[PDB]
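Positions of Cβ are generated from backbone atoms using ideal geometry, with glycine treated the same way; all protein chains shown enter the neighbour counts. Only the coordinates and a few stated rules stand behind these numbers; no lab work does.
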Amino acid sequence: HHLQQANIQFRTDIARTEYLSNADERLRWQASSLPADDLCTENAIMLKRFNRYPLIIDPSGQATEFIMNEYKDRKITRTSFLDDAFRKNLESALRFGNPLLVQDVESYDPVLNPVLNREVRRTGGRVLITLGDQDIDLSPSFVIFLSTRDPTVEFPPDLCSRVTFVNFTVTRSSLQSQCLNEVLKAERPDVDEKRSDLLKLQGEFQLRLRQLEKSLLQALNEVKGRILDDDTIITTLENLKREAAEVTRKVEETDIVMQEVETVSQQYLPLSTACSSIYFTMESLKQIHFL
Amino acid sequence: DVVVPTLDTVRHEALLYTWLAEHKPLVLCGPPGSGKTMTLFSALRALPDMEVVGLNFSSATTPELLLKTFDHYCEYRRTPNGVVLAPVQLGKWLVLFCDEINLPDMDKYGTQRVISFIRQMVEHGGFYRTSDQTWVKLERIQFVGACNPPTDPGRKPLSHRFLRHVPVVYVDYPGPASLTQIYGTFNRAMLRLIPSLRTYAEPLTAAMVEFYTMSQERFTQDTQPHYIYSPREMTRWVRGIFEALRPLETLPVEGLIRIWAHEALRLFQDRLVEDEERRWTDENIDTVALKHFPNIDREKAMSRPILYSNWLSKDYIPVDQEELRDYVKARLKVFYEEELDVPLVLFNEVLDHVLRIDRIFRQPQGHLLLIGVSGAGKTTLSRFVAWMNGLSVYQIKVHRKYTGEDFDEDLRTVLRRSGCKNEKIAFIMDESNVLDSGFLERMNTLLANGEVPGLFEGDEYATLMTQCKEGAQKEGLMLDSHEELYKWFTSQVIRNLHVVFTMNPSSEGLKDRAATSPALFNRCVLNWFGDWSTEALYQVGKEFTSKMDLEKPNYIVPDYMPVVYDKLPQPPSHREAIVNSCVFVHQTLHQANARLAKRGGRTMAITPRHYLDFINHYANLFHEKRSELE
Amino acid sequence: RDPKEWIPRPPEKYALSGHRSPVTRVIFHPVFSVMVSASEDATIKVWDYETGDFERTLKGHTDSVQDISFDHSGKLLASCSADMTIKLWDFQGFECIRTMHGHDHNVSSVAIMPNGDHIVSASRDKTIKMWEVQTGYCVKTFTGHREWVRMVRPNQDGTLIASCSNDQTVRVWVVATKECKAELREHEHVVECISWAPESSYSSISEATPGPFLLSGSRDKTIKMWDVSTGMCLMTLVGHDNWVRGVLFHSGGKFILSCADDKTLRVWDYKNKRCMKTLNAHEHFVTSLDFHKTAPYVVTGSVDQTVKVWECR
Amino acid sequence: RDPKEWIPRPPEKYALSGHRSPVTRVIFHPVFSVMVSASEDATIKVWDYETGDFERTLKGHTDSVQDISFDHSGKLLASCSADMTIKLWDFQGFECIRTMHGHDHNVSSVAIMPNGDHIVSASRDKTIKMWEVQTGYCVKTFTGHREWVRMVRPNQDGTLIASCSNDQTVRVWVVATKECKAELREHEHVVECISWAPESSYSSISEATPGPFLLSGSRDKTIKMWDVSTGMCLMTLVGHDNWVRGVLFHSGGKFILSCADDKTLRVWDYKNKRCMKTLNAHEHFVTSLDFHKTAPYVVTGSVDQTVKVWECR
Ligand SMILES: Nc1ncnc2c1ncn2[C@@H]1O[C@H](COP(=O)(O)OP(=O)(O)O)[C@@H](O)[C@H]1O
Ligand SMILES: Nc1ncnc2c1ncn2[C@@H]1O[C@H](COP(=O)(O)OP(=O)(O)O)[C@@H](O)[C@H]1O
């Protein structure tokens, strides 16, 4: 509203999640155990595009598994603040250039203050940071993540300045989708498994269509000659014909997906509405008697 | 030590000589900074038999502090009639000046341990050594005290059984008709290097009167807990003016009024919180210097920045903002290669703050007390100023399980590096570095006295004397014994150690700090940095977002025009409109934090580090999406 | 005129430009009419000061070249940079002969004593290293400073060296005995530049107050004279408005040529306790200067990437 | 030797390669020892010509660039391309500053007059546009050309703007008065390149056949020379066997180095009115050439994806 009142034009018909995240990165995030709701996608964007090292509040535990499945090739060492071998693990993470996930930041140690504040000495081309009493060669491929399990934690402003907060709260849409999925697992299992398989099929055919567009664009960007005189462009035409056949095939899968989701919607949508209402009563009931 | 005698000064001098000639206790009550330790130190200088031991009480005061004082300055001796406590200076009379008698905490059952302890050694003349439960009798020990009135917020009244053995004399502020000649003789001293300005000297002192009365009229202690005004500020005024025109040797009336206004703005505007009282003090400065100094060039004598630096030239000269800003850019370019490679942005308040920090850092016993939110660049500016003045910077490196012994060892290393090797040390520690009450008690003692009782004991005591005699023989002084060697070490610690304490503002935290620690509000100069205002946010936004491409030559200025940064130039460009929009984003989340808190949800601290995170994410997103589209 | 009465005068004879970074050190070749400068863009630019043009480029370093140095012959050069390297170049063929390693931090300054068989170096690791020019091995190691050593410089015969450091002390060591002969601690700020006294100045400082004598410029905006055999501050000259970056004796033994961060070049007479001449040198901080030992030429290298050459009159 | 007589010699000092397209224009930096090349792959490449090292690539234009122009400070770089955009580059920051729109066709040229305030732009739409640099607005417009305005250059004083077009005309205008001072119609073909005469050539032209003077090279295998004040062709060089693509004066004002489409880099003197040396530079069409004012180097940008640097001797 301030941008509209100040005559600064913005992309109105663009989702805030879709402008930042690519489709293949969204597919990789869906592969890394993340829920498909927009809030967890936004939080995945925050973890992707951090500038200050993030503090992740998570009352359910899904963000820890998402971070583990995200940086799985890069060996994340999982440690905690009250662990006895925490400073040695941090020193090994700084030396090795390893990603590091640290849990239980409610028991925060001030010794991580110069690493979080990025106070870094430049020994020429070498990079050295004084952690504690020891000067460690900081490899640039180091990240840290400060986990929290309890949602109702207050924080000092000295720690609050240096971190970017990421809250994995429970939305009505994600809860309704999870309850619909478990109701479909309990009641109509064949429809549930073929719906999951068809969703995977729709995702990989959309990936194949994007691969078509990228490959054809980069092929025609460097033909460096006549397309008609080159017979390789006829093979590009055959590739176009095959992927047009697959994008025509995708409509039948879309129709079967539509029939399945309308059947399960008219079957079990008020049930999921009751799920959302009862769990929001669960979350709001702490306002009565504190216990 | 320069005390010019007034009526109340000599009356209380005769009173204190009467109370102190009989080795009788006395309590100098009154408002803080009214000269109660001036009058006491004038009474002690009349009789050379009496030697002073300074002690400063806190809210968390224990008689173990007096036990450490007796361990240092006195000895236990065996006599046939008991065990006696006597000063190591035989024939002299030791007097213990406790600074904050009303301050130790009154318990749930209506008592104070230190007050009852002092009453026990005054009514009965001795105490109980708890090492073997033996009655020690004081041989040559008397007590004097100073306190604020008990009607002050941070002070508590004393027991009747304690004041049954002590008289109280109540000093007051000298008032305007005494301060006019008190600082008239000071200005008649100080305007002797310049023989032409003395015809303006006597109204100028008179000028320094009236502002102070409005400083006592509006800025009450109910407004802010650090709103106390004492003749120490006028002493700071005259020594700042004296150190201003000390090396200059040429100045007209306009420069004198400029120096007076600059000292007044550095002494009466830094302690203020909001900009309303800052505007009121600047308006008071304008009307007072117009009233007492007519027919003078108001444009030449008074301008906007009024900054005084000695970085560009060796003399304390008035300088413009732009040359100072360019020198600060070049010095940051030098400084990034030496201590810390953390980039710094500037605005006008950044230059003003680093001039305040350098101005307090230049003097010996320069202690800073910074008030500001976390992430506002409080310690980075102090690091830059301390590097530029050639001061080594020390942080305590706080980790988990930081007891008092590690802090005592850190303070031992700081004092040995400062007072023995004569190395200038800027001692930096945060409000989160305070974990125990002993931390604040030892910091209060170090800030007030410049020495800690019982910090060095056993073999480290003799190690301190060997290091101090080696440092004195390196310096050139032929020293001996332990008492005068400790005096020389204390003088070196006073000269070389600069302590900066930084917190965040709070409605209850600062109110409790004003009671639990006097020396942070009595011996430290307060600088209220505060949160970044809209002008600072617009300057950092417009100064980082000038490199990228933002300009629309066809831009329609909207008629609605939501303005949150004042003095937005019309017709604004696209960059000005979107920098004002960024300022609006920060302001509306400032409003949203209170909107979330008033519903019942827990709020989280908004910092300028978040704004520097938001503006840095602008250029990273703009350069990515522009290179994506191309 | 005579070599006694050379004084620089405005304006400059030449204003050479071309560096991508602030110029850090400029000196003269002793035999041929060659001038050489270095900067923070990892390059060494060789010019001809008599004709005022570009001659050669030497690109071997990776980081900011802090200081370069000559020998008694002028055929050999040593340079140091921030990559913990020391590069030993020649002059007759313009190639990098050796690359010594071993320093922990930024090698700030190098110098060669006039015997030419050895090379001294100062660095940020609070050590001074002493390398063999025939083997490229640090043979000796002076240690005892408390902070970063700014630059080191040896005396005329190679028996004494002096180092100004970030501990606000100036330490004069003996080469053979490896012990700090004089520890001069009267400066308050960091001492950034030092200089030795020539033979013809040996009487003249005694006129102002044998030896050995030593100049020292610090960040406290003062230039101090020291006697090693006494150990006291012989005189102090004030008048520089900012941090002094380069201090050098005149070849006549009577003037003091100095530069600071006030964009000025100052010529002092220490007999009259004053700066006789002040010249506007650059727009930014004048990092280094040099006086030519026989011809009337003064070179000034500065932050703003221009090297100014002044003809002395 | 002096910079006066400098003629390049085979072979090339360096053969820079890495462009994915023909090279359209190459220019030297005025003060630094680096050169910038423009090519049809919309990549503005920066190469160090002293060591032959590739430095950087600026990619802001979304179509093929034609002409690049520095300023005499070396801080701002003006670049034109066929995307209806002009781009201003901070050379010290290596990022774009502003993008200019308003041309409806291929912006075939861009230049900065020596007053350091505006930008010339010749384009395919038969007009020339004036651009304000700091604000970013199109101010003035030369109109009167009837064909493709090939390339434009302002005079050394900043009061004359000369442009060649495809209608066999060389049109010299005054900057603000908007009149065609000289509509020279003597060339038989499209004039593709002009070169403003330096001051030292002003005598040398005047005794070959005062001022101001102007060069031009066309597709009729001829390079004509014109007096601006009179308005006629004084002299003509013939001897190229194809289209002359770039014509360039010597910095000393005697020789003219010119590249033509017959794989020839020929040097011409107006005293003899012939070609003394012809160099076979590349293996394809040679588009542009450039010669340094103080350095003995000629850079040559050609279609064959290589940029060749040749030492002048
Ligand atoms: N007549 C006077 N002569 C000299 N100084 C005075 C006079 N009256 C007040 N002062 C100044 O007032 C200040 C009061 O400070 P101080 O006595 O230290 O406060 P406190 O007694 O609360 O510790 C002194 O620093 C002193 O310089
Ligand atoms: N004016 C500023 N310009 C650039 N960075 C700043 C500025 N102020 C604060 N910062 C950032 O804040 C961080 C340190 O904050 P700090 O000074 O510790 O805040 P505080 O002292 O209030 O705890 C640094 O990493 C620095 O990048």
Go through the stretch C:210-229 and report how many residues are among the β-branched types (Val, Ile, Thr) and either closer than 26 Å to C:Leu265 by Cβ or within 14 Å of another protein chain (Cβ to nearest Cβ) (or both). 2
How many of the residues in the stretch B:580-619 are facing another protein chain (nearest Cβ under 8 Å) and either at positive phi or assigned to a helix (DSSP H, G or I) (or both)? 11
Which listed residue, of B:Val373, B:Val350, B:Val345, is part of a loop (DSSP other than H, G, I, E, B), of a type in the set (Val, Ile, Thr), away from chain A (no Cβ under 13 Å) and near ligand 2 (Cβ under 10 Å from one of its atoms): B:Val345
Sort through B:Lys625, B:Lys547, B:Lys552 and tell me the only one that's more than 14 Å from chain A (Cβ to nearest Cβ), surrounded by fewer than 16 Cβ atoms within 10 Å (Cβ to Cβ) and more than 33 Å from the chain's Cα centre (by Cα). B:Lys547
In the stretch B:260-301, which residues are closer than 30 Å to B:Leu332 by Cβ and either over 24 Å from the mean Cα position of the chain (by Cα) or of a type in the set (S, T, N, Q) (or both)? B:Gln269
Would a scan of the stretch B:207-223 turn up a residue that is out of contact with any helix residue (DSSP H, G or I) (no Cβ under 9 Å at 6 or more places or on another chain), among the charged types (D, E, K, R), away from ligand 2 (no atom under 16 Å from the Cβ) and farther than 25 Å from B:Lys291 by Cβ? yes
With respect to A:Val120, is the statement that it is more than 20 Å from A:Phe81 (Cβ to Cβ) and facing chain B (nearest Cβ under 10 Å) true? yes
Residue by residue through the stretch B:227-241, note down the ones that are farther than 16 Å from B:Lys36 by Cα and basic (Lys, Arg). B:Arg236, B:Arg239
Kindly evaluate A:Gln206 against the criterion of being within 30 Å of D:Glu40 (Cα to Cα) and in a helix (DSSP H, G or I). no
Could you give every pair whose Cβ atoms fall below 7 Å, whose first residue belongs to the stretch C:288-313 and is within 14 Å of another protein chain (Cβ to nearest Cβ) and within 15 Å of C:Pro10 (Cα to Cα), and whose second residue is in a strand (DSSP E or B) and of a type in the set (A, V, I, L, M), counting only separations of at least 6 or pairs across chains? C:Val307/C:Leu16; C:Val307/C:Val23; C:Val307/C:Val26; C:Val307/C:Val299
Need at least 2 residues that are within 14 Å of another protein chain (Cβ to nearest Cβ) and within 29 Å of B:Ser59 (Cα to Cα) per element, so show me which helices (runs of 4 or more DSSP H) inside the stretch B:381-486 make the cut, counting only ones lying wholly within it. B:404-415
Please name all residue pairs, on different chains or six or more residues apart, with Cβ atoms under 7 Å, provided the first residue is in the stretch B:7-18 and is over 14 Å from B:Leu40 (Cβ atoms) and within 14 Å of chain C (Cβ to nearest Cβ) and the second residue is away from ligand 2 (no atom under 16 Å from the Cβ) and of a type in the set (A, V, I, L, M). none
Test A:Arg87 against the stated conditions and say whether it is facing another protein chain (nearest Cβ under 9 Å) and under 30 Å from C:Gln66 (Cα atoms). no
Taking the condition of being polar (S, T, N, Q), outside any strand (DSSP E or B) and more than 25 Å from D:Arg20 (Cβ to Cβ), how many residues in the stretch D:257-313 meet it? 2
Name the strands (runs of 3 or more DSSP E) wholly inside the stretch D:59-156 in which the number of residues that are more than 14 Å from chain B (Cβ to nearest Cβ) and buried (at least 18 other Cβ atoms within 10 Å of the Cβ) is 2 or more. D:65-69, D:76-81, D:118-122, D:127-132, D:149-154
Could you count how many residues in the stretch A:90-107 are within 14 Å of another protein chain (Cβ to nearest Cβ), crowded, with 19+ Cβ neighbours inside 10 Å and over 25 Å from B:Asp341 (Cα atoms)? 2
Would it be correct to say that B:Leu47 is among the aliphatic types (A, V, I, L, M) and out of contact with any strand residue (DSSP E or B) (no Cβ under 9 Å at 6 or more places or on another chain)? no
How many residues does the stretch A:152-208 contain that are within 16 Å of ligand 2 (Cβ to nearest atom) and either of a type outside the set (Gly, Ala, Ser) or away from chain B (no Cβ under 14 Å) (or both)? 9
Somewhere in the stretch B:90-106, is a residue within 15 Å of ligand 1 (Cβ to nearest atom), over 23 Å from the mean Cα position of the chain (by Cα) and not in a loop (DSSP other than H, G, I, E, B)? no
If you go through the stretch B:561-569 one residue at a time, do you hit one that is aromatic (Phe, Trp, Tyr) and either part of a helix (DSSP H, G or I) or at the interface with chain A (Cβ under 8 Å from one of its Cβ atoms) (or both)? no
In the stretch A:112-161, residue surrounded by the fewest Cβ atoms within 10 Å (Cβ to Cβ) [restricted to those that are in a helix (DSSP H, G or I) and touching a helix residue (DSSP H, G or I) at 6+ places or on another chain (Cβ under 7 Å)]: A:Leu116
Look through the stretch B:5-62, keep the residues that are closer than 17 Å to B:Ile101 by Cβ and basic (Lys, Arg), and return whichever of them is nearest to ligand 1 (Cβ to nearest atom). B:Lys36
Pairs returned, first residue in the stretch B:357-376 that is more than 16 Å from ligand 1 (Cβ to nearest atom), second residue that is aromatic (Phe, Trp, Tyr) and not in a helix (DSSP H, G or I), beta-carbon separation under 7 angstrom, 6 or more apart or interchain, are B:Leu369/B:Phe501; B:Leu370/B:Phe529; B:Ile371/B:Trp528; B:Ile371/B:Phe529; B:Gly372/B:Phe529; B:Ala376/B:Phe529; B:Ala376/B:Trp532
Filtering the stretch B:224-237 for residues that are of a type in the set (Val, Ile, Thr) and more than 9 Å from ligand 1 (Cβ to nearest atom) leaves a count of 1
Filter the stretch C:39-58 down to the residues that are of a type in the set (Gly, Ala, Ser) and within 28 Å of C:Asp125 (Cβ to Cβ), then identify the one that is surrounded by the fewest Cβ atoms within 10 Å (Cβ to Cβ). C:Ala42
Being in contact with a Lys or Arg (Cβ under 8 Å, 6 or more places away or on another chain), surrounded by fewer than 18 Cβ atoms within 10 Å (Cβ to Cβ) and part of a helix (DSSP H, G or I) narrows it down to one residue among B:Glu254, B:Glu283; which is it? B:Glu254
If a residue must be away from every other protein chain (no Cβ under 12 Å) and over 8 Å from the mean Cα position of the chain (by Cα), how many such residues does the stretch A:39-53 contain? 1
